[PDB]
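>
2 protein chains.
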Amino acid sequence: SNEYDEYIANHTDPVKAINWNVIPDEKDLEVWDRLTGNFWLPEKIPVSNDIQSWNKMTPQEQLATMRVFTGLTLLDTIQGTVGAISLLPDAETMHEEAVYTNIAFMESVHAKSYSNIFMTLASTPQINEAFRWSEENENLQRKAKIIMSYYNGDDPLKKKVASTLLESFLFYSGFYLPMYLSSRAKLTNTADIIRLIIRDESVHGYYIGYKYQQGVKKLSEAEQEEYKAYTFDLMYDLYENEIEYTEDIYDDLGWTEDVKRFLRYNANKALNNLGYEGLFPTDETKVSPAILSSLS
Amino acid sequence: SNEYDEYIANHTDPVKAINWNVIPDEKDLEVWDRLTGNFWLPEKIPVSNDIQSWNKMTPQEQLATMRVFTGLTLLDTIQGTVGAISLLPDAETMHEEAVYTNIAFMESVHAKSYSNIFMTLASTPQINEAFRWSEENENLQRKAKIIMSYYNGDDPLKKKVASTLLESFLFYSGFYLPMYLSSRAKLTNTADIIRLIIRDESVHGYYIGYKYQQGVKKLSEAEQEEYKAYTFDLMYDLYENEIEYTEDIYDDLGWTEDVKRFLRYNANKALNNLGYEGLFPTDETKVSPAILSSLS
Ligand SMILES: [Mn+3]
Ligand SMILES: [Mn+3]
Ligand SMILES: [Mn+3]
Ligand SMILES: [Mn+3]
Numbered sequence: 002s003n004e005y006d007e008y009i010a011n012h013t014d015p016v017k018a019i020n021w022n023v024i025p026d027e028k029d030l031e032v033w034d035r036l037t038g039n040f041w042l043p044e045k046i047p048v049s050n051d052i053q054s055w056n057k058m059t060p061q062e063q064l065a066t067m068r069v070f071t072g073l074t075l076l077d078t079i080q081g082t083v084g085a086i087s088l089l090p091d092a093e094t095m096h097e098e099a100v101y102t103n104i105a106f107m108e109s110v111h112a113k114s115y116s117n118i119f120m121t122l123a124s125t126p127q128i129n130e131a132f133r134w135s136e137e138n139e140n141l142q143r144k145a146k147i148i149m150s151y152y153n154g155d156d157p158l159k160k161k162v163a164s165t166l167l168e169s170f171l172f173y174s175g176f177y178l179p180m181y182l183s184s185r186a187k188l189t190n191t192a193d194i195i196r197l198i199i200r201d202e203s204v205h206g207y208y209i210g211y212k213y214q215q216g217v218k219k220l221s222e223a224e225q226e227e228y229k230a231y232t233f234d235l236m237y238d239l240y241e242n243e244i245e246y247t248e249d250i251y252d253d254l255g256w257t258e259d260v261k262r263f264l265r266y267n268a269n270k271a272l273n274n275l276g277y278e279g280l281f282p283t284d285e286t287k288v289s290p291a292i293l294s295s296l297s
Numbered sequence: 002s003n004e005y006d007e008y009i010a011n012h013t014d015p016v017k018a019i020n021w022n023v024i025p026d027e028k029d030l031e032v033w034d035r036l037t038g039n040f041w042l043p044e045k046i047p048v049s050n051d052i053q054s055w056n057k058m059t060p061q062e063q064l065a066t067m068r069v070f071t072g073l074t075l076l077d078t079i080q081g082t083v084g085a086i087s088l089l090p091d092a093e094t095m096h097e098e099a100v101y102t103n104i105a106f107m108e109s110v111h112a113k114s115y116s117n118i119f120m121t122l123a124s125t126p127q128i129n130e131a132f133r134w135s136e137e138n139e140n141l142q143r144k145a146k147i148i149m150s151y152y153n154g155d156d157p158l159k160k161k162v163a164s165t166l167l168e169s170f171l172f173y174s175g176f177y178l179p180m181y182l183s184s185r186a187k188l189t190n191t192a193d194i195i196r197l198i199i200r201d202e203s204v205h206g207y208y209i210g211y212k213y214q215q216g217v218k219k220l221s222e223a224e225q226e227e228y229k230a231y232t233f234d235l236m237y238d239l240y241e242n243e244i245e246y247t248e249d250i251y252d253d254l255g256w257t258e259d260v261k262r263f264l265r266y267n268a269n270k271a272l273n274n275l276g277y278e279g280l281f282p283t284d285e286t287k288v289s290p291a292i293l294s295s296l297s
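Residue numbers (the deposited numbering), protein chains in the order written: chain B, 2 to 297; chain A, 2 to 297.
1. Quick one: does the C-beta of A/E202 sit closer than 7 Å to a heavy atom of ligand 3?
2. Let me check you understand the geometry: is the CB of A/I79 closer than 7 Å to at least one non-hydrogen atom of ligand 4?
3. Cβ of A/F170 within 8 Å of Cβ of A/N39?
4. Would you say B/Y8 faces chain A, with C-beta separation under 8 Å as the test?
5. Quick check: B/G175 and B/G84, are their CB atoms within less than 8 Å of each other?
6. Are the CB atoms of A/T125 and A/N274 within a distance shorter than 8 Å?
7. My parser needs the alpha helix (DSSP H) runs of 4 or more residues fully inside the segment 215-293 of chain A; what are they?
8. Short of 6 Å in beta carbon distance, which residues of its chain neighbour B/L197, apart from the five on each side in sequence? Order them along the chain.
9. In the DSSP assignment, find the unbroken alpha helix (DSSP H) run with B/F132 in it and report its ends.
10. Just reading off the alpha helix (DSSP H) that B/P157 is part of, what are its end residues?
11. Sort B/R185, B/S87 and B/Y213 by Cα distance to B/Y152 and report the nearest one.
12. Can you tell me where the alpha helix (DSSP H) with residue 1 of chain B in it begins and where it stops?
13. Counting C-beta neighbours from all protein chains within 10 Å, is the total for A/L272 16 or more, i.e. buried, or is it exposed?
14. With a cut-off of 8 Å on the beta carbons, I'd call B/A92 and A/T78 a contact; round off their distance for me.
15. Name, please, each residue of chain B whose Cβ falls closer than 9 Å to the Cβ of A/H12.
16. Looking only at C-alpha atoms, which of A/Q127, A/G276, A/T286 and A/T283 sits nearest to A/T66?
17. Compare the C-alpha of residue 1 of chain B against each of B/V69, B/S297, B/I292 and B/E258 and name the closest.
18. Please report the distance separating the alpha-carbon of B/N56 from that of B/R200.
19. Measure the alpha-carbon distance for A/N20 versus A/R68 and round it to whole angstroms.
20. Beta carbon of B/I19: closer than 7 Å to some heavy atom of ligand 4?
21. Could you name the residues of the segment 263-281 of chain B whose beta carbon sits closer than 7 Å to any beta carbon of chain A, in the order they occur along the chain?
22. Using 8 Å as the limit for Cβ to Cβ distance, is B/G255 near chain A?
23. Name the chain A residues that come within less than 7 Å of B/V32, Cβ to Cβ?
24. Helix, strand or coil for A/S2, going by three-state DSSP, please let me know.
25. If I'm right that A/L220 touches A/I244 with Cβ under 8 Å, what's the distance once you round it to whole angstroms?
26. Indicate the three-state DSSP secondary structure (helix, strand or coil) for A/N56 in the structure shown.
27. How about B/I148: is its Cβ closer than 7 Å to a heavy atom in ligand 2?
28. Would you kindly report the start and end of the unbroken alpha helix (DSSP H) that includes A/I86?
29. Kindly indicate if chain B contains any beta-carbon less than 8 Å away from that of A/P157.
30. Are the beta-carbon atoms belonging to A/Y177 and A/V260 less than 8 Å from one another?
31. Between the Cα of B/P15 and the Cα atoms of A/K270, A/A112, A/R143 and A/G206, which residue gives the shortest distance?
32. Kindly examine ligand 4 and report whether one of its heavy atoms sits closer than 7 Å to the Cβ of A/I104.
33. Step through the CB atoms of chain B and report whether any lies within less than 8 Å of the CB of A/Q80.
34. Measuring alpha carbon to alpha carbon, tell me which of B/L30, B/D51 and B/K45 ends up nearest B/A186.
35. If I follow the unbroken alpha helix (DSSP H) through B/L171, where does it start and stop?
36. Determine the DSSP secondary structure at A/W33, reduced to helix, strand or coil.
Below you can see the structure in the form of structure tokens.
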């Protein structure tokens, strides 16, 4: 008699090894190859060349930078240690599971990258202040716990919706500030780290959104419209919360109206990644041209 | 605004962002830096240069290669999609959680590496035969399910024992075949992939063993003796199962006696990684010098 006897008795199917010689879904390999081929670490960018421009930024500019980036750090802490991991048990293929392990690791790299920027540029009180701020900010804690409630729930398709909205709407909206500052010749090296993150996030939201589309299409037409209604209700909830977050972060700098156009731009893109038309008319999504061009 | 108000009352602590400016355990950063600095993909090695060498191998050498490597594939499929992931919720630091996301990813890299070798060198029936064999082999299924029983249980320390025995004993013992062949100038490019895997496995077993030692030290003497007895019983159980596996894989080739010495060598190292003296006298662990050196 062994402690593992009941486990084995209740698990009679074989444990399987992943076989890359048979690929049920070619997209899994395409995305594996793309994401692994894009591996990077923040140390490859010389953020220390941003010390001059950081020191010339205003107190309001530096405060917004600390808070936006600590919020992003929070999101990718969640996405690497809880979100991507939560998608593994529901994978359609073993190759998709392998892709989620890459995504979890790269989210840790993303999260670390913000500390590399902070440790190079910011003061010790500034860093401590931002982390304590992030733990008490009601809008940031609310968006985090809303997304995590789906990761910790038992509906696989809702986890993929939550993930895609986190990546394509919440995280993408945080790219406003580095892109703005870089188009003004500030924090230009930090923006290069952000572009590496964007190069990953673009693929993450497309791929998990693709998997969501493939899953919901297996359902009845009535069940599909129930998932679409769920998605639109959650999107609008997160958008309203993001409006408040945005006013609080950007009102003093005066960037709020353009960031709100960017929110609507990114909300439509997140819905598109899930196979749905946008919640906003296109002419409400006109973020300034530099921002978009700065993305790449 | 409804679906998650019970979630929040069950989850009242703040969600935290990882902060790499404060490191409670410097080992977490040292291992992060080592493992991420050692990133590799199997396409970096010219395994096609091994085609002539493979073609000159006997049917018995090819069969053993296919079977050993498919069992290693199984182990790292488990380790990357179940094992490392199971350690995250028990982590003492957020930096340790980040490390486990790298380990999970790199176990997927390891697993894929065996397919790269197979797809380059072996025939399609050989590959199919090997994956079906792995699903039905009683010793390979038994060792997998015993380890998984701990990943799926509720005892954090037992997960770390299981993981360290998987890495430092089960996986390491599979390195015999590629090291032997390479010492005989066969499949030498394949052996360079295996050396990259060993460079990672060496760190994984050290680090998770370290975390186990730190955790069991926090316990009373009585509880520490209980975990040590648990560990020795599980090690000898896995050892007996591995003896049978080894006889079946290596008897035809005639390598069995030296592989068994390597089993005891690796059993003692796995126990050392967990803070314990060995189950075998050191003179029972004299694997041939060639193997030890080509390993490294
Ligand atoms: Mn990310
Ligand atoms: Mn992402
Ligand atoms: Mn491995
Ligand atoms: Mn390992």
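For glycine and all other residues, C-beta sits at the position ideal for the given N, C-alpha and C.
By the coordinates alone:
1. Position 201 of the second sequence, counting from 1, holds the residue named residue 202 of chain A. A/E202 Cβ: within cutoff of ligand 3.
2. For this step, residue 79 of chain A is matched to residue 78 along the second sequence. Not so, every heavy atom of ligand 4 lies at least 7 Å from the Cβ.
3. Reading the second sequence from its first residue, position 169 is the one you call residue 170 of chain A. Reading the second sequence from its first residue, position 38 is the one you call residue 39 of chain A. Cβ distance not < 8 Å, so A/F170 and A/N39 don't count as in contact.
4. By 1-based counting over the first sequence, the position of residue 8 of chain B is 7. Answer yes: the Cβ-Cβ gap between B/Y8 and chain A drops below 8 Å somewhere.
5. By 1-based counting over the first sequence, the position of residue 175 of chain B is 174. By 1-based counting over the first sequence, the position of residue 84 of chain B is 83. The answer is no: Cβ separation not under 8 Å.
6. Translated into positions along the second sequence, residue 274 of chain A becomes position 273. Translated into positions along the second sequence, residue 125 of chain A becomes position 124. Not closer than 8 Å, so no.
7. 222-251 and 257-274
8. By 1-based counting over the first sequence, the position of residue 197 of chain B is 196. The residues are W41.
9. The residue you call residue 132 of chain B lines up with position 131 of the first sequence. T125 to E137 is the extent of the alpha helix (DSSP H) around B/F132.
10. As a working mapping, residue 157 of chain B is identified with position 156 in the first sequence. First-last of the alpha helix (DSSP H) with B/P157: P157 to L166.
11. Residue mapping note: residue 152 of chain B aligns to position 151 of the first sequence, counting from 1. Per the Cα distances, B/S87.
12. This structure leaves residue 1 of chain B out entirely; chain B is present only between 2 and 297.
13. Here residue 272 of chain A refers to the residue found at position 271 when the second sequence is read from its first residue. A/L272 comes out buried.
14. Position 91 of the first sequence holds residue 92 of chain B. Position 77 of the second sequence holds residue 78 of chain A. With 8 Å as the limit, B/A92 and A/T78 do not qualify as a contact, their Cβ atoms being about 12 Å apart.
15. Within the second sequence, the letter at position 11 stands for residue 12 of chain A. Under the 9 Å cutoff, chain B gives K146, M149, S150 and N153.
16. Numbered from its first residue, the second sequence carries residue 66 of chain A at position 65. The candidate whose alpha carbon is nearest that of A/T66 is A/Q127.
17. No answer is possible for residue 1 of chain B: the residues shown for chain B start at 2 and end at 297.
18. Walking along the first sequence from the start, residue 56 of chain B turns up at place 55. Walking along the first sequence from the start, residue 200 of chain B turns up at place 199. Roughly 28 Å separates the two Cα atoms.
19. Along the second sequence, one-based indexing puts residue 20 of chain A at 19. Along the second sequence, one-based indexing puts residue 68 of chain A at 67. Cα to Cα, A/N20 sits roughly 44 Å from A/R68.
20. For the purposes of this step, residue 19 of chain B is taken as the residue at position 18 of the first sequence. It does not: the Cβ of B/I19 is nowhere closer than 7 Å to a heavy atom of ligand 4.
21. none
22. Translated into positions along the first sequence, residue 255 of chain B becomes position 254. B/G255 does not count as touching chain A.
23. Along the first sequence, one-based indexing puts residue 32 of chain B at 31. Correct list: empty, because the minimum Cβ distance to chain A is about 13 Å.
24. Translated into positions along the second sequence, residue 2 of chain A becomes position 1. A/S2 falls in the coil class under three-state DSSP.
25. Here residue 220 of chain A refers to the residue found at position 219 when the second sequence is read from its first residue. Here residue 244 of chain A refers to the residue found at position 243 when the second sequence is read from its first residue. Actually they are not in contact, since the Cβ atoms of A/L220 and A/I244 sit about 32 Å apart, beyond 8 Å.
26. In the second sequence, residue 56 of chain A corresponds to position 55, counting from 1. Helix.
27. Position 147 of the first sequence, counted from the start, is the residue given in the question as residue 148 of chain B. Because no heavy atom of ligand 2 lies under 7 Å away, the Cβ of B/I148 does not count as near it: no.
28. By 1-based counting over the second sequence, the position of residue 86 of chain A is 85. Residues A85 to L88.
29. Mapped onto the second sequence, residue 157 of chain A falls at position 156. Output row for A/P157: interface = no.
30. One-based indexing of the second sequence puts residue 177 of chain A at position 176. One-based indexing of the second sequence puts residue 260 of chain A at position 259. Their beta carbons are under 8 Å apart, which means A/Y177 touches A/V260 by this criterion.
31. Along the first sequence, read from residue 1 onward, the residue named residue 15 of chain B stands at position 14. Of the candidates A/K270, A/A112, A/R143 and A/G206, the one whose C-alpha sits nearest the C-alpha of B/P15 is A/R143.
32. Locating residue 104 of chain A in the second sequence gives position 103, counting from the first residue. Yes, Cβ of A/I104 sits closer than 7 Å to a heavy atom of ligand 4.
33. As a position in the second sequence, residue 80 of chain A is number 79, starting the count at 1. No - not a single Cβ of chain B is within 8 Å of the one on A/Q80.
34. Walking along the first sequence from the start, residue 186 of chain B turns up at place 185. The shortest Cα separation from B/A186 among B/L30, B/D51 and B/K45 belongs to B/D51.
35. By 1-based counting over the first sequence, the position of residue 171 of chain B is 170. Careful: B/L171 lies outside any alpha helix (DSSP H) and carries neither H nor E.
36. Your numbering for residue 33 of chain A matches position 32 in the second sequence. Here A/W33 sits in helix by DSSP.
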